[PDB]
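Residue numbers (my numbering), protein chains in the order written: chain A, 197 to 883; chain B, 7 to 87; chain C, 1078 to 1794; chain D, 16 to 77; chain E, 498 to 730; chain F, 293 to 517; chain G, 3 to 25.
Ideal Cβ placement from N, Cα and C applies to all residues, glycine included.
Below is one structure, written out as C-alpha cells; the observations come after it.
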Amino acid sequence: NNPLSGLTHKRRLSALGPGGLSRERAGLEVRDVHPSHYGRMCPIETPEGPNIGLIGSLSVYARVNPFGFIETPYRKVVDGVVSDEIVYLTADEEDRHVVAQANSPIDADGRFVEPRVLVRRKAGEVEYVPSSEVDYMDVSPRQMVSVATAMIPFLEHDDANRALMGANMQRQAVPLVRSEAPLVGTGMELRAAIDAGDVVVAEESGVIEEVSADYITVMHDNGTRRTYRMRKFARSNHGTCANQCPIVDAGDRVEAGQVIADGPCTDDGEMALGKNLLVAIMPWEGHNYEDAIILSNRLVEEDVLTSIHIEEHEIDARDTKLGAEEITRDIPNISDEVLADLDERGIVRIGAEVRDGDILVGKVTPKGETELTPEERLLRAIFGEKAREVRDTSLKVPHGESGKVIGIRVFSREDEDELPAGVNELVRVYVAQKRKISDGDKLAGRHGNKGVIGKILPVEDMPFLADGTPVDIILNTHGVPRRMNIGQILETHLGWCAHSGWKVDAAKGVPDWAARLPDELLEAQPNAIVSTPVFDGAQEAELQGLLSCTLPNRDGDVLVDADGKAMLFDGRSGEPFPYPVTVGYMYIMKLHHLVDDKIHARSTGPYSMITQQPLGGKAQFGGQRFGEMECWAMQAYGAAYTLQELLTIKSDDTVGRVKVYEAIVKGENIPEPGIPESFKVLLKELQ
Amino acid sequence: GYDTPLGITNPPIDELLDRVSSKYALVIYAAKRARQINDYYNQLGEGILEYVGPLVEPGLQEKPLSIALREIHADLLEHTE
Amino acid sequence: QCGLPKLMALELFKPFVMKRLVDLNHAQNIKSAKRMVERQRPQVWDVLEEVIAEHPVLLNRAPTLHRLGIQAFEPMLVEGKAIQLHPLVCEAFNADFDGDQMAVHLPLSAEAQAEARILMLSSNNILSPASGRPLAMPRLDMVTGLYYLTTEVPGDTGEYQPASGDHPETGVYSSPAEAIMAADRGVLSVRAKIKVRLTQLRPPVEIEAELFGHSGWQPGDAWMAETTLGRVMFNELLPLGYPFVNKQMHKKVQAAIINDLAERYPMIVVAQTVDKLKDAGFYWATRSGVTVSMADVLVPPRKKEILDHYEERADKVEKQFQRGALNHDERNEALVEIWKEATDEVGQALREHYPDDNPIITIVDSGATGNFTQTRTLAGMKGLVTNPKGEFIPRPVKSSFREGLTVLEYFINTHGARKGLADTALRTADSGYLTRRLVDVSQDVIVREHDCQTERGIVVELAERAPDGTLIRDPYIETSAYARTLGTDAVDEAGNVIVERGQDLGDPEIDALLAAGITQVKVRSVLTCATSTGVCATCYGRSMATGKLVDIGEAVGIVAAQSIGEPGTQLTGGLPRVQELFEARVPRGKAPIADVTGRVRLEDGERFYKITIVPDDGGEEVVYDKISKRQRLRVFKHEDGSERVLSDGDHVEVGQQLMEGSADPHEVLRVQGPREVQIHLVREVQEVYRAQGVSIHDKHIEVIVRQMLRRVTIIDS
Amino acid sequence: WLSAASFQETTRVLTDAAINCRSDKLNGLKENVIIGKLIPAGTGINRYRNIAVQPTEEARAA
Amino acid sequence: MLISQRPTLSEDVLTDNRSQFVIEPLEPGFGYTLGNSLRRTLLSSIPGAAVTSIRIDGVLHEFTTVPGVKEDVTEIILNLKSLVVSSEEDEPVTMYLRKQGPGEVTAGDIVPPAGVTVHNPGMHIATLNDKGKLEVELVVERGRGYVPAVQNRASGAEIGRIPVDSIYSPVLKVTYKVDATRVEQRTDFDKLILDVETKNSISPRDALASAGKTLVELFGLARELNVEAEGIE
Amino acid sequence: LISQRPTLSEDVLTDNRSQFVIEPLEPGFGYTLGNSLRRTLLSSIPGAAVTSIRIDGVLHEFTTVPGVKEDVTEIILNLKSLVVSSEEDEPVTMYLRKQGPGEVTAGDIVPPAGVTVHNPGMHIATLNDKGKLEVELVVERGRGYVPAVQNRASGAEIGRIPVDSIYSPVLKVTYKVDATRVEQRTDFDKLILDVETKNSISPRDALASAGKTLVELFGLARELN
Amino acid sequence: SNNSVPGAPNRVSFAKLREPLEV
RNA sequence: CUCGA
Ligand SMILES: [Mg+2]
Ligand SMILES: [Zn+2]
C-alpha cells in the first residue's frame, strides 16, 4: 500500500504456519503480551481481526542472534554509573539482571540521581531498587515499540486500543499525487522511509551530472558515473501508484547515503502518509455524527487528497476444439463507434479514456453450430448474416472501473514469448484512474481516529477563521473523550504552533516552562517541522506555553488563544460561533478503503453452476448473501412473502427468476415462486 | 391532529390500521388489490371482463401499491378473512 | 427515507428502467433498452427517478442481531457512491460511521413491497421489541444539543430581575417571538430564566387545572411561565396538547417523553416528532461550544497530596511485608484496597474541581456518551491495570493520559487492553452460538389463538410493603409487571376492583394499583397459556414494539430469542451462567434445597457439614451431606428476621434455598412443581442481565422456558 | 427431521431418521424456508393468506 | 459568466398575516447566502411604530400593583407592548387612554390622535374593578426592529414614566430552511423556504417586497462600483 | 432613531487586496451582509482558466518528457496555479515552445489576442540540454470550479489532456463588524469587508460582480405574486 | 536537530534524553 | 492466507 506497509511486512513475526500452531488451537494465552516481549516484539502493533496476537512486529532496536532468539541492546551500568558500552541480551539473559527504565535521571558523569529508581525485574515486576543494583538500562525510551508504532506522536497520551489502530491504519495509507511531510513528527519518519527502500539514496558521494524525470546521473569524485533510474507510475501489489521523483538539481554536491529522489509517501526523505489539514473540533449540523467526517471542497479542487490507482486487465487467445481464439478488431454485430478506440489489432490505444463496458481487447472464439439456441438459429436466419461462427469474448472494463489506458504489453507465441501450452497471444492493459476524495472515502489520523467522509461542503460553507481562511476538516467532539486518544488534541495544538511559529520572551531570562526545552525551540518560523519522540517529546507544560507565544499572521493578529481555541464564523449564516473552538493542524491519511471500490450492486448476473445461486464477491459481479441470521429477522417481522421471494425467484429458482425478469419488462405481475434447485440437489445428495 | 404525511408515510400508518384487524392483514388487503389495479392497466387495451379500475383518482405515474393503499384509507374496498 | 447512490439504483432497478425506457419511447425495443442502461445514456437518470418513486428498499448491516437489523426505507436518489442513512436508526443497526457497509435488497412482488411499507418501515419501528423503550431517539450530538438550550443559567444575560427601585420587572417578554428578537439583538440569552406569555403551548396539567381545569386549555389562551427561551423552543417541537415540561433535557428525560409519546400519541406523530428533535438537536449541538482542548482537561488540585498519602500506606504495607507479618498473597490484596481506595479519592477530587461549563463534563453528564471513569482515567489516573492473568497488578498506573504514561506504565497497560480485544471475539462467538440455539428451540412458537380462556396466571411482586408504612416500588416492575395482562381482578381493602381482568397494564394503571394499597397482582402469562401448539394472544400481552396487544400470527418465539441473544455481547455469573440455565445443566453452584418443609437440624462440624430436617407433618428425617466450603443463605424467617442466617431451629418452607449458589433446576422441578421451576429460571436468567444494565422483559425469557417443559417422560406404559 | 438435520449433529439425526423411517409434515418455519413455501407465521398463516378483496358496490361512471 | 434560469417565487398563505414563501430553484448553494439575509432584513429593516414608554396615574415609586384593576403593573405593559399601531408622523406622539367604572378596557377605548391608527381595537388591556378608574399615557414612535427598554431610560421624564421594549418591526417571527431540488439531474440545487408571521399592519407579501427593495438598494452600492458581468437571468 | 442611507467607501491595502466599509447598518445586520458577499465572492465571480492541455510527446498524464525534471502529472499540477483572463468567452489556444538548458516559466507562454498571463514568473518545468517542451493550452471562461471534462463526454481525441478548471479569481474573503452597543438612542453596525484577488481582476471589480449577482437575485422578492 | 547523519531536512526535536545508540 | 465492521 505504502512504503511503511512494506517495511512492516518484512519485520513481521508470525506464529501461524507449518511447525508453529493452528489458528484453531491458539488460545487466549498465546496471543496476549508477555513481559519478555519488552524491546523485542511490539505490544501495540498487531491486527485486531482473527489474527490478533498471532502476528506481531519486531521492535526497533531488536535483532536476532544465530540461535533464533531476539536480542535487545542495553547500556551496562557498572556501579550506578552509566556507560556507553552497549551489549545485546537475549530474553533469558535479561532476567538474570535488573535493568533501569530509559528515562532515568542521570548525572553528567553517569550516576543516578535517586537511590531508588524504577527498574524491571524477572517475571514482570516493577519496583524501586537501590542505585547500586542497576546492572543495565534501556537504550532509548521508544525501545519497546515497533517502527510503525514509533511514528505516532504523543503516543503516551493514547490508550493501547486506539494506538493499535493508529499503527495498523498508517500501513493502509494511500500514496497521494503530491506528498507533504507532517508538521508534527516523531523523528522516525526519516529512517522509516530510507530503510523501507522506496526512495533513491546516493551510493557514493559526488555531483549531479544530469537529472531528468527519467533518471539521475551522479559524477563521483574518482571519476566513475552511477545512474539511478526512476520508477514512474508503476502499479504496486495493491493497486497503489508507486512513483519516484527526483529531488536534487543539476550540479548539486550530494554526500554518500543521501536521498537524491523519493518515491510514494515520501517528502524530502520522510514518510508522508497524509497531508496537514486545518481541523476544527466541533459538531456541525450532524454531518459528522459519531465518527463521520466533514471535508472542505478545497481538498477536491486542489487535489490534496487525490490519489492515483492502477488496475491490471488481462486476456489470452487460446486454441479451441473448433479453431483458435483470435484477437481482432472485427467483432460480430458491433458498430464502428464502440471499436473506435481500438487500433487495427483490436487493442485499445494508449491514452484513451475508457468507462465500464468499453472494449479493451477484441477476442472472438469460434462456437459450434450444434451449440445454437433454436431462437438464435432463427434470429441468425432472419438477419442473413452467415459466416459468424464466432462469438464475442472480448476483454471489457469491469463495473466500477474507469480511467486512462497508460500501457499495453503483448505476448505472442509467434514472437518467441513463452506462453502456457495452448495459448497463442496474451495482452495486458494497464488502466490508471485519478481518484479525488469522495463522499464515503475512509480517512484517519495517527491516533486510531477513523471515519468516512460524510459531507464535502463548498469552501464558503466551511466555518472560517478571522482572516477568512476556512478550515479543511471538521472532526466531531463527541468521538474524542471516549477513545482516550488525546494525542490528536495535543497534535492539533503543536500542529498549529508549527504552522504559525513562536517566539519565547527572552527578556528577563528564560521562562520557567521553557527551561527544559532546547535552545533551538525558543524561536520557530512558520511551517516549521518538529519531532515528538515516543515516550519522550513535548510535555504539557511546554505545549501550554507555546500556545501563549504563537506568531501572528501577516496582518499582525493572533488567531488562536492561549487555550488553543479560536473564534470561527458560520459560513452558512455569517454569525460567529457562540464559543471558541479548538483549531489547529492535524495529519490526516487517506486509507485504502474508498467507495470507488466498495460500492457494488447487481440486478441479475452469473450463478454458481452447482447450486444455481448467485455468485459471491464484487469481482465476480455477484449478489449479496441474505444469511441465516437475516432470515430470522424476516420471520420476526412476519414478512413471509419477502422471505419466500428472497429464497426463490430472486435466488435459485431456475424458471422463476427468468419469468420474473420477463414479468417486469412486460409490466405484468410477479409470478408464483417455484421450488429451489438447491433443494433438488439436497435430495439427490441424500440419495 | 398531525403534520402532513410526506412521501411513503402517506396515508398515515395509524389510520390504515383502523380499517384492518392487524398489521399482517393490511399487507394482504393492499397487495391483492394492487395486483388487481396492475392487471387493469395491462388488460385495458385488450380483453373484456377486465378487473375493476382504480376506485380513487390516481396521480400521474402513481404506483399501484400507492393507489391501493389510498383507497383502503377511503373505505372503498371490502375484505374476507 | 434513505439516500442511495444513483449508480446503485440504476443497476438495482435495471429491469424496471428498461420497461419505462420503451414506454416513453426513449428506446425502440426492450433489447436496445438494455444497451441504454449498460451505456448509461442521459435519458436513464430522468427515467430512474420515476421508477424508484415510493418503491421501498431494505437496508441491513451485519450482524443481524435483532429484527431491526433490517429496516425498510423510501429511497431518494443522491449523487456520490455512499449510502445515506438516517441518524436515528443507528442505534438499531449498532452502526457507527468509521467504514461500515450496508446491504440493500429490492422487494419485487406487491406483497413484498407491502410487507416493507407496513411491517418493516423504519418509522413504524421506533420502539425496541425486546424492552419497549425507544431506539430512534436523540443519542449523541442530538442529546447534547437539546441538553444545551434546556439549561437554566443564573448569571446569563437577559435574565429576569424583580422590580426594585424606579425600574419595574426586567426580563418579562410578551411573546416568545419577542424573546427571540431580544436574543437576536443580544440582550437576552437562550439559556436565561425569563417570564414569557405563551399562547400555543398547553400548560402543565398541574397549572392547567388552576387556570382552566373545568375545560382543557385552548390554543389561543395565554398563560405565564418561568422558563428559558430555549425551553420554549424545545416544547414547540412537541405536539400541541402535550403538557409543558420545564425540566432540563437529559437523555433519560427525553427517553421518558418519547416513551410516553409512543404509548398515548399515534405512530406517525412519534415518527415526525423525533425528526424535529433530530434537526433541533443537531442545530444547537453545533452552537453549544462543545470542544476538547488541553486547557479543558483540568487536573486534580490535590493530585500530589492524594497519592503521597497512599504511597505512604503502600510503603507501610511494603514494610509490613519485609518483616514477614503479611503473606505474599495477602500483600497484593492489601495493596489493591489501598489503590482502589486511592482512585476513588482522585475521582472525587475531579468532580468538585471541574465546573459544569467544562465540555468534558457536559458530554458525560448529559447522557451523550462516555463515563466519568473515562474522564477520571483521562485527567486523574488510570488506576490498577490487569495483567493477562486476571488479578490487578500490585502497582498502579499513577499517571493520567493527559500527563503522559511512562514507558513501563504504558507497557503494563497494554496487557489488559490486548486481552480485552482478544476475548471480545470469543465472547461474541459463544453469544452468537447461544442465540442460534435459542432460535431453533422457539422458531415454531406462534400466536395462533386470541384467548385460551385459562384463568391461570402467576403472582407478580408489584411492590414491597414496609415497616414504615409506605409501599416501596419493586425493582422488577419494568421487566415483570409492565406490559402484562390481568387474569384476576385487583382487589384492595375496599370491595371495589381497581383494574378489570384482561386489561393491558399501562403506565397509569400501575399507579392505580400502587395508590390503591394492593401490592400483588395475578397476571396472564405465556407459561400458563393452555394451547395445543402456539400461545394465545391474551396470555402473551403487549407487543413491546407495537405498544399494543400482540397480533395473531406474530412469531413471538423468534422475537423473544433475538431479544435475549442481542445483549449477550456484554457479560462476565456471566455468559456461561446463562448457558447453564437455558441448557438445564447441573450447575457449578449446586446449591441444596429443602425437600420438605419443617424444622432445621443443623449438625455442623469442621471435617464436613451434615444437615437434617424433621418433617413438620409426619414423614421421617431426611439426611444430607455437604462440604463446609459453602455458606448458608440468609433466609427470611417466620419471626420477622429477613437476614436470619440459617441456624438450627428455623422454620424453612418447602423448596427453600439452603446454602448460597445456584439450586439445581432439575431438582427444583421434582420438589415444588413445574409452575415454580419456570419462575426460578426466569428471574435467575434475568439477574444475569439486570446485573449488567440490560432490561429484557420476563415475557421473552418465559417463551423459552415454555419449550423446555413441554415434554414429560413415561414411568409406566 | 428436516428442522433438526439443519441445526446440529446432521448425521446423528439423519441416521435415526432413516431407521425409524420418519416422515416430516412440512409445517414449520425452518422447513418451509428450505422448500420455498410461505412460512406459517405473519402474513403466511391461512387467516391472512387466503383473503379476497372486492370493491364496494359504489362505483364510478367513467 | 453564464445564464442561470428558472428562479421563481411562490407563496402559500397559512393565515391572513402569516405566509410561506419558496424561492426555487437557487443553484447550489445560494439558498443560504440570501437565506439568513432575507430573514434579518425582514426582522430589522421595515419601518414600524410601537409604544416607547407609558405612564400610569397613581403609580409613582411602587410599580408593583395598580389599585382598582386586577392586573398588576407588568401585565399592563405586556398587553400594551402587543398593541399594534401605525403612524404617518415621524416625530414621537403621545396617546392617552382613560376609562372609569366597572367593566373592561380595550385598545378601542383608546383615543388616537390624527395620523395614528390602532389595528386591534378588540385587544384586552385591563379589567376594571368596581368603582375603578384607569388613566395611562402612551408614547408611540417610529423605528425599525426591536429596541430594549433600557436604552429608553433617558426618554422618560422623572415623574412616574416607565420605558418599555419597542416592537417596531411589523413582522413577529421569521424562520427559514433550505432543501434540495433537482433542475437537471443534479440534486444539489437549493430550494429556500421562508415562513413569515407578521402583525396586521401589513401582509407577508408587502413585508417581503419591502425587504427586497432595501436589499437591492444595499447591494446596489457594490453594483455601482464597476458594472461588470455576473451570473444573471 | 431614524434612517440614514448606508454608504460604501473603498480602502486599498495592496494591488490585490482592498477593505470595504459599509455603514450605517442596523444592529446585527453587519455579519449577514458580509457573509452574503463572501459566499458570492468565493463562488460566483466570472474568470478564465485552462480547460485542457496538449503536450506533443505524451498521450496522457502518467508519463515523462525527455529532458524535463517533472513528470506530466507534476507539470499539470504546476499549471493549476496559472492565473489568466480571457476576453473571448470562447475556447482559445495558447502555445509554449522552449528548448535547451533553462527553466520554463509562465512568461514563456505566448497568449493569443484577448488572453493574458498574470504571473509570468511561475515555475512550470526545468529543462536540461536534451529537454524540449512543446505545449498547447486551451483556455475557456466560466465561473466557480469545474472538474476535467471527460474524453467520452467531449469530442476531444486521445492526445488531449483535460485539466480541472478553477475559474474563481478571488483568493481570500473575510469581514468584521464593530457594534456600537452604548445604551442610547443610536445603535448601528459598521461592516468591514476584506477582499483579496489573484491579479486577474481588482478587488472592487469582484465585489461589483457579487453586487450585480445579488442585486439580481434579491429582486425576486420585490416582484409581487 | 534530529538525525543529523544523512543530510536530511532539519526537524527540531523536543528531546530531553540523548540517544546512545542509533537505530 | 491477508484485511474491513
Ligand atoms: Mg463501525
Ligand atoms: Zn394463553
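- Grouping DSSP H, G and I as helix and E and B as strand, with all else coil, what is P562 of chain A? Counting from one through the first sequence, the residue named residue 562 of chain A turns up at place 366. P562 of chain A falls in the strand class under three-state DSSP.
- In chain order, what residues of the stretch 70-83 of chain B put their CB closer than 7 Å to some CB of chain D? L82, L83
- Could you tell me if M805 of chain A is buried or exposed, where buried requires 16 or more neighbouring beta carbons within 10 angstroms of its beta carbon? Looking up residue 805 of chain A in the first sequence gives position 609. Its Cβ having fewer than 16 others within 10 Å, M805 of chain A is exposed.
- Item | Coarse secondary structure for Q1325 of chain C, derived from DSSP in three states | Translated into positions along the third sequence, residue 1325 of chain C becomes position 248. Note: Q1325 of chain C maps to coil in three-state DSSP.
- Message: Strictly closer than 5 Å from CB to any heavy atom of ligand 2: give me those residues in the order they appear in the chain.
- Response: C:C1529, C:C1606, C:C1613, C:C1616
- Using a cut-off of 7 Å between C-beta atoms, extract the partners of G834 of chain A located in chain B. In the first sequence, counting from the first residue as 1, residue 834 of chain A sits at position 638. Residues of chain B passing the Cβ test: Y30.
- Item | Beta-carbon spacing of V1765 of chain C, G1666 of chain C below 8 Å | As a first step, residue 1765 of chain C must be located in the third sequence, where it is residue number 688. As a first step, residue 1666 of chain C must be located in the third sequence, where it is residue number 589. Going by C-beta atoms, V1765 of chain C is not nearer than 8 Å to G1666 of chain C.
- Query: Out of curiosity, what's the CA-to-CA distance linking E725 of chain E and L718 of chain E?
  - Reply: Counted from its first residue, the fifth sequence places residue 725 of chain E at position 228. Counted from its first residue, the fifth sequence places residue 718 of chain E at position 221. Those two C-alpha atoms are separated by around 14 Å.
- Is the stretch 358-376 of chain F touching the stretch 463-480 of chain F in the sense that three or more CB pairs, one from each, lie closer than 8 Å? no
- Task: Pick helix, strand or coil for residue 1051 of chain C, following the three-state DSSP scheme.
- Result: Any question about residue 1051 of chain C goes unanswered here, given that chain C covers just 1078 to 1794.
- Message: 8 Å is my cut-off, CB to CB: does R1472 of chain C come that close to chain F?
- Response: Working through the third sequence from its first residue, we reach residue 1472 of chain C at position 395. It does not; no Cβ of chain F falls within 8 Å.
- Query: At what residues does the alpha helix (DSSP H) containing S874 of chain A begin and finish?
  - Reply: Locating residue 874 of chain A in the first sequence gives position 678, counting from the first residue. From DSSP, the alpha helix (DSSP H) with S874 of chain A extends over 873-882.
- Task: Return no unless some Cβ of chain A is closer than 8 Å to the Cβ of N533 of chain E.
- Result: The residue labelled residue 533 of chain E in the question sits at position 36 within the fifth sequence. Closer than 8 Å to some Cβ of chain A, the Cβ of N533 of chain E qualifies, so yes.
- Query: In angstroms, rounded to a whole number, what distance separates the CA positions of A1172 of chain C and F510 of chain F?
  - Reply: Position 95 of the third sequence, counted from the first residue, corresponds to residue 1172 of chain C. Position 218 of the sixth sequence, counted from the first residue, corresponds to residue 510 of chain F. Going by the C-alpha atoms only, they are around 43 Å apart.
- Message: Taking a contact to mean a Cβ-Cβ separation below 8 Å, would you say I1595 of chain C touches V1568 of chain C in this structure?
- Response: The residue you call residue 1595 of chain C lines up with position 518 of the third sequence. The residue you call residue 1568 of chain C lines up with position 491 of the third sequence. Yes.
- Message: Closer than 5 Å between the C-beta and any heavy atom of ligand 1: which residues qualify, listed along the chain?
- Response: C:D1173, C:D1175, C:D1177
- Query: Which stretch, first to last residue, makes up the alpha helix (DSSP H) that contains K1083 of chain C?
  - Reply: Here residue 1083 of chain C is taken as the residue at index 6 of the third sequence, counted from 1. Per DSSP, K1083 of chain C belongs to the alpha helix (DSSP H) from 1083-1089.
- Message: For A1130 of chain C and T800 of chain A, I'd like the C-alpha separation in whole angstroms.
- Response: Working through the third sequence from its first residue, we reach residue 1130 of chain C at position 53. Working through the first sequence from its first residue, we reach residue 800 of chain A at position 604. Approximately 21 Å, taken between the alpha carbons.
- is_contact[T728 of chain A, chain G] using C-beta, thresh 8 Å: As a position in the first sequence, residue 728 of chain A is number 532, starting the count at 1. Yes, its Cβ sits closer than 8 Å to a Cβ of chain G.
- Message: Quick check on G863 of chain A - is its C-beta less than 8 Å from some C-beta in chain B?
- Response: Translated into positions along the first sequence, residue 863 of chain A becomes position 667. Closer than 8 Å to some Cβ of chain B, the Cβ of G863 of chain A qualifies, so yes.
- Can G202 of chain A be considered in contact with ligand 3, in the sense that its beta carbon sits closer than 7 Å to one or more heavy atoms? Ligand 3 is not among the ligands present in this structure, which contains only ligand 1 and ligand 2.
- For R551 of chain A, decide whether its Cβ has a neighbour in chain F, counting only Cβ atoms nearer than 8 Å. On the first sequence, residue 551 of chain A is found 355 positions in, with the first residue counted as 1. Closer than 8 Å to some Cβ of chain F, the Cβ of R551 of chain A qualifies, so yes.
- DSSP state of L575 of chain E mapped onto helix, strand, coil: On the fifth sequence, residue 575 of chain E is found 78 positions in, with the first residue counted as 1. The answer is helix: DSSP assigns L575 of chain E an H, G or I state.
- Anything in chain G within Cβ reach of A724 of chain A, meaning under 8 Å, just list it in chain order. Here residue 724 of chain A refers to the residue found at position 528 of the first sequence. Under the 8 Å cutoff, chain G gives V14.
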